[PDB]
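The chain below stands alone and is given as structure tokens, in the form deposited in one PDB entry.
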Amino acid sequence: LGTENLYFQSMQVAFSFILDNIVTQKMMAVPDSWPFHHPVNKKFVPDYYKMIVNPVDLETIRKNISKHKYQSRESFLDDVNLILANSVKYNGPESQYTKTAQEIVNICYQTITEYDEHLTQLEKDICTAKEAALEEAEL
């Protein structure tokens, strides 16, 4: 009956959905983030792709997510971290581009963090319950 696939596919779907929501609801809502919503346009930044080796932006990350490219937390956080890392490399730490990439990276970390609080707590509750029941038939 392919339970095992269905369970994994199902986990994929919920994950992508979560990632898609952090991107559009979080990272794209940072004020002054417009420039991070799309790939850096050569016509307005002709040096960009001479200095930047692995470029990324929030729209390309949405596309990846829509195609289930990110199968772990770390794979996703690798592309997110490039947002800040490419801004420091191209602009340095003093720039508004760097201040804004920082806000964007920040809220993705805060959001994934608070999520995991919630999971690891639900999980501990599940284990209490499981202990409790086993403790009751013994009595």
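Throughout, rigid core stands for the largest set of C-alpha atoms superposing within 1.5 Å between the two forms. All residue numbers refer to positions in the sequence shown, first residue = 1.
Taking the mean C-alpha B-factor of each stretch as recorded, 38-46 and 24-32 are not equal, and the higher mean is that of 38-46. Averaged over CA atoms, B-factors in the entry run higher in 114-122 than in the other of 7-15 and 114-122. When the Cα B-factors of 85, 105, 58, 53 are read from the PDB record, 53 comes out highest. Among the modelled residues of its chain, residue 73 has a C-alpha B-factor that falls in the highest third according to the deposited record.
Per the deposited record, the Cα B-factor of residue 98 falls in the middle third when ranked against the other modelled residues of its chain.
Below: the form deposited in another entry, not depicted.
With the two forms fitted on their core, the C-alpha shifts between the shown form and the other one stay under 2 Å for all of 99, 63, 38, 42 except 42. Once the cores line up, the CA of residue 21 ends up less than 2 angstroms apart between the shown form and the other one. Whereas the shown form places them at one spacing, the Cα atoms of residue 31 and residue 44 lie at least 3 Å farther apart in that other deposited form.
Between this form and the other one, the CA-CA gap for residue 120 and residue 74 narrows by 3 Å or more, being smaller in that other deposited form.
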